[PDB]
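Undergrad: So I've got this file, run.pdb, and it contains PDB, C-alpha atoms:
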```
ATOM      1  CA  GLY A   1     -96.361 -17.100 -48.685  1.00  0.00           C
ATOM      2  CA  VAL A   2     -95.498 -14.070 -46.524  1.00  0.00           C
ATOM      3  CA  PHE A   3     -96.716 -10.454 -46.747  1.00  0.00           C
ATOM      4  CA  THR A   4     -95.310  -7.364 -44.987  1.00  0.00           C
ATOM      5  CA  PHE A   5     -97.276  -4.115 -44.558  1.00  0.00           C
ATOM      6  CA  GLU A   6     -95.978  -0.880 -42.990  1.00  0.00           C
ATOM      7  CA  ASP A   7     -98.300   1.654 -41.320  1.00  0.00           C
ATOM      8  CA  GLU A   8     -97.837   4.875 -39.314  1.00  0.00           C
ATOM      9  CA  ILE A   9     -98.920   5.430 -35.691  1.00  0.00           C
ATOM     10  CA  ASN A  10    -100.257   8.697 -34.225  1.00  0.00           C
ATOM     11  CA  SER A  11    -101.658   9.390 -30.737  1.00  0.00           C
ATOM     12  CA  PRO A  12    -102.230  12.595 -28.701  1.00  0.00           C
ATOM     13  CA  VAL A  13    -101.059  10.725 -25.578  1.00  0.00           C
ATOM     14  CA  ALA A  14     -97.401  10.917 -24.486  1.00  0.00           C
ATOM     15  CA  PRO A  15     -95.313   8.272 -26.329  1.00  0.00           C
ATOM     16  CA  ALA A  16     -93.361   7.361 -23.168  1.00  0.00           C
ATOM     17  CA  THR A  17     -96.560   6.840 -21.143  1.00  0.00           C
ATOM     18  CA  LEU A  18     -98.283   4.892 -23.941  1.00  0.00           C
ATOM     19  CA  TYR A  19     -95.206   2.697 -24.512  1.00  0.00           C
ATOM     20  CA  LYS A  20     -94.865   1.850 -20.799  1.00  0.00           C
ATOM     21  CA  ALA A  21     -98.611   1.186 -20.437  1.00  0.00           C
ATOM     22  CA  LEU A  22     -98.475  -0.716 -23.748  1.00  0.00           C
ATOM     23  CA  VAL A  23     -95.734  -3.226 -22.850  1.00  0.00           C
ATOM     24  CA  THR A  24     -95.329  -2.670 -19.088  1.00  0.00           C
ATOM     25  CA  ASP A  25     -99.047  -2.188 -18.331  1.00  0.00           C
ATOM     26  CA  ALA A  26    -100.054  -4.362 -21.303  1.00  0.00           C
ATOM     27  CA  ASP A  27    -101.384  -7.105 -18.993  1.00  0.00           C
ATOM     28  CA  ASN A  28    -102.911  -4.387 -16.786  1.00  0.00           C
ATOM     29  CA  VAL A  29    -104.330  -2.401 -19.726  1.00  0.00           C
ATOM     30  CA  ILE A  30    -105.805  -5.418 -21.553  1.00  0.00           C
ATOM     31  CA  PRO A  31    -108.123  -6.037 -18.546  1.00  0.00           C
ATOM     32  CA  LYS A  32    -108.961  -2.329 -18.153  1.00  0.00           C
ATOM     33  CA  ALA A  33    -109.351  -1.705 -21.901  1.00  0.00           C
ATOM     34  CA  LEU A  34    -111.529  -4.824 -22.246  1.00  0.00           C
ATOM     35  CA  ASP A  35    -114.679  -3.974 -20.260  1.00  0.00           C
ATOM     36  CA  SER A  36    -115.608  -7.683 -20.355  1.00  0.00           C
ATOM     37  CA  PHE A  37    -112.052  -8.801 -19.507  1.00  0.00           C
ATOM     38  CA  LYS A  38    -112.491 -12.324 -18.090  1.00  0.00           C
ATOM     39  CA  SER A  39    -108.919 -13.134 -16.995  1.00  0.00           C
ATOM     40  CA  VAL A  40    -105.295 -13.346 -18.196  1.00  0.00           C
ATOM     41  CA  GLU A  41    -102.478 -15.849 -17.556  1.00  0.00           C
ATOM     42  CA  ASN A  42     -98.987 -16.599 -18.920  1.00  0.00           C
ATOM     43  CA  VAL A  43     -98.693 -19.992 -20.655  1.00  0.00           C
ATOM     44  CA  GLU A  44     -94.888 -19.719 -20.882  1.00  0.00           C
ATOM     45  CA  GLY A  45     -92.119 -17.173 -20.203  1.00  0.00           C
ATOM     46  CA  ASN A  46     -91.799 -14.833 -17.200  1.00  0.00           C
ATOM     47  CA  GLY A  47     -93.085 -11.823 -19.173  1.00  0.00           C
ATOM     48  CA  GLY A  48     -89.715 -11.000 -20.778  1.00  0.00           C
ATOM     49  CA  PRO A  49     -88.827 -11.307 -24.501  1.00  0.00           C
ATOM     50  CA  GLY A  50     -90.120 -14.538 -26.086  1.00  0.00           C
ATOM     51  CA  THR A  51     -92.623 -15.004 -23.234  1.00  0.00           C
ATOM     52  CA  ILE A  52     -96.070 -16.411 -24.095  1.00  0.00           C
ATOM     53  CA  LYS A  53     -99.163 -14.833 -22.500  1.00  0.00           C
ATOM     54  CA  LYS A  54    -102.784 -16.015 -22.788  1.00  0.00           C
ATOM     55  CA  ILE A  55    -105.696 -13.561 -22.468  1.00  0.00           C
ATOM     56  CA  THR A  56    -109.404 -14.444 -22.185  1.00  0.00           C
ATOM     57  CA  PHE A  57    -112.247 -12.082 -23.162  1.00  0.00           C
ATOM     58  CA  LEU A  58    -116.048 -12.443 -23.351  1.00  0.00           C
ATOM     59  CA  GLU A  59    -117.524 -11.822 -26.823  1.00  0.00           C
ATOM     60  CA  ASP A  60    -121.104 -12.541 -27.951  1.00  0.00           C
ATOM     61  CA  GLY A  61    -121.599 -14.462 -24.684  1.00  0.00           C
ATOM     62  CA  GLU A  62    -118.809 -16.742 -25.956  1.00  0.00           C
ATOM     63  CA  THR A  63    -115.587 -17.224 -23.961  1.00  0.00           C
ATOM     64  CA  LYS A  64    -112.599 -16.485 -26.225  1.00  0.00           C
ATOM     65  CA  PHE A  65    -108.843 -16.161 -25.597  1.00  0.00           C
ATOM     66  CA  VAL A  66    -105.786 -14.782 -27.426  1.00  0.00           C
ATOM     67  CA  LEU A  67    -102.109 -15.824 -27.356  1.00  0.00           C
ATOM     68  CA  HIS A  68     -99.328 -13.254 -27.856  1.00  0.00           C
ATOM     69  CA  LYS A  69     -95.557 -13.816 -28.084  1.00  0.00           C
ATOM     70  CA  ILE A  70     -92.718 -11.286 -27.711  1.00  0.00           C
ATOM     71  CA  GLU A  71     -89.607 -11.360 -29.929  1.00  0.00           C
ATOM     72  CA  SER A  72     -87.666  -8.657 -28.050  1.00  0.00           C
ATOM     73  CA  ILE A  73     -88.298  -5.584 -25.868  1.00  0.00           C
ATOM     74  CA  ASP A  74     -86.534  -2.229 -26.355  1.00  0.00           C
ATOM     75  CA  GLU A  75     -87.655   0.251 -23.673  1.00  0.00           C
ATOM     76  CA  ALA A  76     -84.618   2.431 -24.466  1.00  0.00           C
ATOM     77  CA  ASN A  77     -85.960   2.983 -28.002  1.00  0.00           C
ATOM     78  CA  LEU A  78     -89.569   2.620 -26.799  1.00  0.00           C
ATOM     79  CA  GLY A  79     -90.098  -0.246 -29.273  1.00  0.00           C
ATOM     80  CA  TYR A  80     -90.978  -3.953 -28.952  1.00  0.00           C
ATOM     81  CA  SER A  81     -91.959  -6.925 -31.146  1.00  0.00           C
ATOM     82  CA  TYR A  82     -94.901  -9.315 -30.647  1.00  0.00           C
ATOM     83  CA  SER A  83     -96.973 -11.793 -32.692  1.00  0.00           C
ATOM     84  CA  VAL A  84    -100.155 -13.855 -32.180  1.00  0.00           C
ATOM     85  CA  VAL A  85     -99.714 -17.649 -32.012  1.00  0.00           C
ATOM     86  CA  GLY A  86    -103.131 -18.706 -30.655  1.00  0.00           C
ATOM     87  CA  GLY A  87    -106.684 -17.413 -30.101  1.00  0.00           C
ATOM     88  CA  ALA A  88    -109.365 -16.113 -32.493  1.00  0.00           C
ATOM     89  CA  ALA A  89    -106.675 -13.654 -33.642  1.00  0.00           C
ATOM     90  CA  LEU A  90    -105.026 -16.533 -35.544  1.00  0.00           C
ATOM     91  CA  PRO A  91    -106.342 -17.042 -39.117  1.00  0.00           C
ATOM     92  CA  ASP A  92    -106.273 -20.549 -40.639  1.00  0.00           C
ATOM     93  CA  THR A  93    -104.992 -19.320 -44.026  1.00  0.00           C
ATOM     94  CA  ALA A  94    -102.112 -17.598 -42.197  1.00  0.00           C
ATOM     95  CA  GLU A  95     -99.470 -19.452 -40.154  1.00  0.00           C
ATOM     96  CA  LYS A  96     -98.875 -16.493 -37.806  1.00  0.00           C
ATOM     97  CA  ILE A  97     -98.877 -12.673 -37.726  1.00  0.00           C
ATOM     98  CA  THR A  98     -95.983 -10.525 -36.446  1.00  0.00           C
ATOM     99  CA  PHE A  99     -96.345  -6.932 -35.194  1.00  0.00           C
ATOM    100  CA  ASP A 100     -93.381  -4.522 -34.997  1.00  0.00           C
ATOM    101  CA  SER A 101     -94.285  -1.084 -33.590  1.00  0.00           C
ATOM    102  CA  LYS A 102     -91.862   1.595 -32.338  1.00  0.00           C
ATOM    103  CA  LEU A 103     -92.459   4.771 -30.296  1.00  0.00           C
ATOM    104  CA  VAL A 104     -90.539   8.046 -30.730  1.00  0.00           C
ATOM    105  CA  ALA A 105     -91.291  11.607 -29.562  1.00  0.00           C
ATOM    106  CA  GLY A 106     -92.522  13.833 -32.413  1.00  0.00           C
ATOM    107  CA  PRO A 107     -92.937  17.617 -32.916  1.00  0.00           C
ATOM    108  CA  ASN A 108     -96.721  17.133 -33.160  1.00  0.00           C
ATOM    109  CA  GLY A 109     -96.755  17.273 -29.341  1.00  0.00           C
ATOM    110  CA  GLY A 110     -97.948  13.677 -28.838  1.00  0.00           C
ATOM    111  CA  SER A 111     -96.723  10.136 -29.595  1.00  0.00           C
ATOM    112  CA  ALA A 112     -95.354   8.968 -32.968  1.00  0.00           C
ATOM    113  CA  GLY A 113     -93.671   5.866 -34.433  1.00  0.00           C
ATOM    114  CA  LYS A 114     -93.710   3.441 -37.385  1.00  0.00           C
ATOM    115  CA  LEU A 115     -95.856   0.280 -37.422  1.00  0.00           C
ATOM    116  CA  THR A 116     -94.996  -2.873 -39.400  1.00  0.00           C
ATOM    117  CA  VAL A 117     -97.407  -5.804 -39.851  1.00  0.00           C
ATOM    118  CA  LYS A 118     -96.163  -9.215 -41.046  1.00  0.00           C
ATOM    119  CA  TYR A 119     -98.692 -11.674 -42.512  1.00  0.00           C
ATOM    120  CA  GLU A 120     -97.557 -15.290 -43.002  1.00  0.00           C
ATOM    121  CA  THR A 121     -99.505 -17.797 -45.130  1.00  0.00           C
ATOM    122  CA  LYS A 122     -99.499 -21.617 -45.010  1.00  0.00           C
ATOM    123  CA  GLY A 123     -98.004 -21.592 -48.528  1.00  0.00           C
ATOM    124  CA  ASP A 124     -99.703 -21.167 -51.926  1.00  0.00           C
ATOM    125  CA  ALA A 125    -102.912 -19.986 -50.217  1.00  0.00           C
ATOM    126  CA  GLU A 126    -102.790 -16.179 -49.880  1.00  0.00           C
ATOM    127  CA  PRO A 127    -105.371 -13.639 -48.600  1.00  0.00           C
ATOM    128  CA  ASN A 128    -106.466 -10.941 -51.079  1.00  0.00           C
ATOM    129  CA  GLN A 129    -105.629  -7.282 -50.359  1.00  0.00           C
ATOM    130  CA  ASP A 130    -109.090  -6.646 -48.865  1.00  0.00           C
ATOM    131  CA  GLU A 131    -108.736  -9.618 -46.488  1.00  0.00           C
ATOM    132  CA  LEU A 132    -105.360  -8.231 -45.354  1.00  0.00           C
ATOM    133  CA  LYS A 133    -107.047  -4.902 -44.526  1.00  0.00           C
ATOM    134  CA  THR A 134    -109.531  -6.592 -42.166  1.00  0.00           C
ATOM    135  CA  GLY A 135    -106.543  -8.273 -40.477  1.00  0.00           C
ATOM    136  CA  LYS A 136    -104.952  -4.877 -39.740  1.00  0.00           C
ATOM    137  CA  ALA A 137    -108.273  -3.372 -38.593  1.00  0.00           C
ATOM    138  CA  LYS A 138    -108.334  -6.116 -35.934  1.00  0.00           C
ATOM    139  CA  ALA A 139    -105.063  -4.919 -34.361  1.00  0.00           C
ATOM    140  CA  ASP A 140    -105.893  -1.199 -34.645  1.00  0.00           C
ATOM    141  CA  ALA A 141    -109.077  -2.117 -32.743  1.00  0.00           C
ATOM    142  CA  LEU A 142    -106.907  -3.067 -29.747  1.00  0.00           C
ATOM    143  CA  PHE A 143    -104.703   0.046 -29.936  1.00  0.00           C
ATOM    144  CA  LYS A 144    -107.721   2.390 -29.912  1.00  0.00           C
ATOM    145  CA  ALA A 145    -108.935   0.515 -26.812  1.00  0.00           C
ATOM    146  CA  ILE A 146    -105.638   1.167 -24.992  1.00  0.00           C
ATOM    147  CA  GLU A 147    -105.306   4.694 -26.422  1.00  0.00           C
ATOM    148  CA  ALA A 148    -108.928   5.512 -25.517  1.00  0.00           C
ATOM    149  CA  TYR A 149    -108.128   4.392 -21.951  1.00  0.00           C
ATOM    150  CA  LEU A 150    -105.168   6.788 -21.631  1.00  0.00           C
ATOM    151  CA  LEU A 151    -107.271   9.679 -22.982  1.00  0.00           C
ATOM    152  CA  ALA A 152    -110.227   8.676 -20.775  1.00  0.00           C
ATOM    153  CA  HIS A 153    -107.865   8.243 -17.803  1.00  0.00           C
ATOM    154  CA  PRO A 154    -105.481  11.243 -17.580  1.00  0.00           C
ATOM    155  CA  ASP A 155    -104.485  10.210 -14.037  1.00  0.00           C
ATOM    156  CA  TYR A 156    -102.641   7.261 -15.618  1.00  0.00           C
ATOM    157  CA  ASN A 157     -98.907   8.013 -15.929  1.00  0.00           C
TER     158      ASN A 157
END
```
Rewrite the coordinates I just gave you, this time as structure tokens.
TA:
Amino acid sequence: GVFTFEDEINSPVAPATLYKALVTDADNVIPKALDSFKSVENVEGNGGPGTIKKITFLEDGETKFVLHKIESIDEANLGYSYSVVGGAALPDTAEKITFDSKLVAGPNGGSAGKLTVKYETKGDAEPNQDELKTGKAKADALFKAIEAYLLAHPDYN
């Protein structure tokens, strides 16, 4: 029915700069991180907590889009909550996926925080452990894109 996985996050980029560019520059990073960024628009919400944003990207010459929702923003603790409700990032065997990532300064000299992935299933149907791994690899694919941008663009604060 519902599965919850916890993962760790590590990045050589400052946690305060990555968090701001992650939620604050999220709409600005998505287009810069996605070389083929087509366009982005908000279907509902003004960008605050619970807002719904729609992003469009070009893949395999096919126009695709993704929908993301926010449950709450916590800049003070550098942490926020978001989940996908539409787009190719929405599996049919899973009702919806929630993502809870936090950001805290660490002694490593970079950014650190805990990541929590929530996988919901229609009901009896449930993805095997391997299938769940591919689901997480999809999200990590986006983080690396944003993280690679910060490392490739040191002028970004």
Undergrad: Kindly indicate which residue among A:109, A:79, A:86, A:12 lies nearest to residue 144 of chain A, using only C-alpha atoms for the distances.
TA: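 Using only C-alpha atoms, the shortest distance to residue 144 of chain A belongs to A:12.
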Undergrad: For residue 111 of chain A, which of A:139, A:132, A:58, A:78 is the closest residue, counting all atoms listed in the file?
TA: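 Answer, going by the shortest atom-to-atom distance: A:78.
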Undergrad: Expand the PyMOL selection byres ((chain A and resi 122-126) around 8) into the individual residues it matches in the shown file, reporting them as a ChimeraX atom specification.
TA: /A:1,93-95,120-121,127-128
Undergrad: Output C-alpha atoms for every residue in that selection, as a short mmCIF file (atom, residue, chain, number, x, y, z; two decimals), in the frame of the given file.
TA:
```
data_model
loop_
_atom_site.label_atom_id
_atom_site.label_comp_id
_atom_site.auth_asym_id
_atom_site.auth_seq_id
_atom_site.Cartn_x
_atom_site.Cartn_y
_atom_site.Cartn_z
CA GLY A 1 -96.36 -17.10 -48.68
CA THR A 93 -104.99 -19.32 -44.03
CA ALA A 94 -102.11 -17.60 -42.20
CA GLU A 95 -99.47 -19.45 -40.15
CA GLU A 120 -97.56 -15.29 -43.00
CA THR A 121 -99.50 -17.80 -45.13
CA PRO A 127 -105.37 -13.64 -48.60
CA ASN A 128 -106.47 -10.94 -51.08
#
```
Undergrad: Please evaluate the PyMOL selection byres ((chain A and resi 85) around 10) against the structure above and give the resulting residues as a count of residues only.
TA: 20
Undergrad: Which residues are near residue 102 of chain A? Cut-off 10 Å, only C-alpha atoms, ignore same chain within fewer than 6 positions. Put them as a PyMOL selection string.
TA: chain A and resi 8-9+15+19+74-75+77-81+112-116
Undergrad: Tell me, in Å to one decimal, how far atom CA of residue 14 of chain A is from atom CA of residue 135 of chain A.
TA: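 Pair atom CA of residue 14 of chain A / atom CA of residue 135 of chain A returns 26.6 Å.
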Undergrad: Tell me which of A:118, A:64, A:153, A:38 sits closest to residue 21 of chain A, counting all atoms listed in the file.
TA: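 When distances to residue 21 of chain A are compared using all atoms listed in the file, the smallest one comes from A:153.
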Undergrad: Mind checking which residues fall within 12 Å of residue 152 of chain A, counting all atoms listed in the file, ignoring those fewer than 4 positions away in the same chain, and posting them as a ChimeraX atom specification?
TA: /A:12-13,32-33,144-148,156
Undergrad: If I take atom CA of residue 36 of chain A and atom CA of residue 140 of chain A, how far is one from the other in Å, to one decimal?
TA: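 Straight-line distance from atom CA of residue 36 of chain A to atom CA of residue 140 of chain A works out to 18.5 Å.
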Undergrad: By how many Å are atom CA of residue 51 of chain A and atom CA of residue 10 of chain A apart?
TA: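 Computing it gives 27.2 Å between the two atoms.
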Undergrad: I want to know what sits within 8 Å of residue 48 of chain A, based on all atoms listed in the file, with residues of the same chain fewer than 6 positions away left out; could you give that as a list in words?
TA: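 Everything that qualifies: residues 70, 72 and 73 of chain A.
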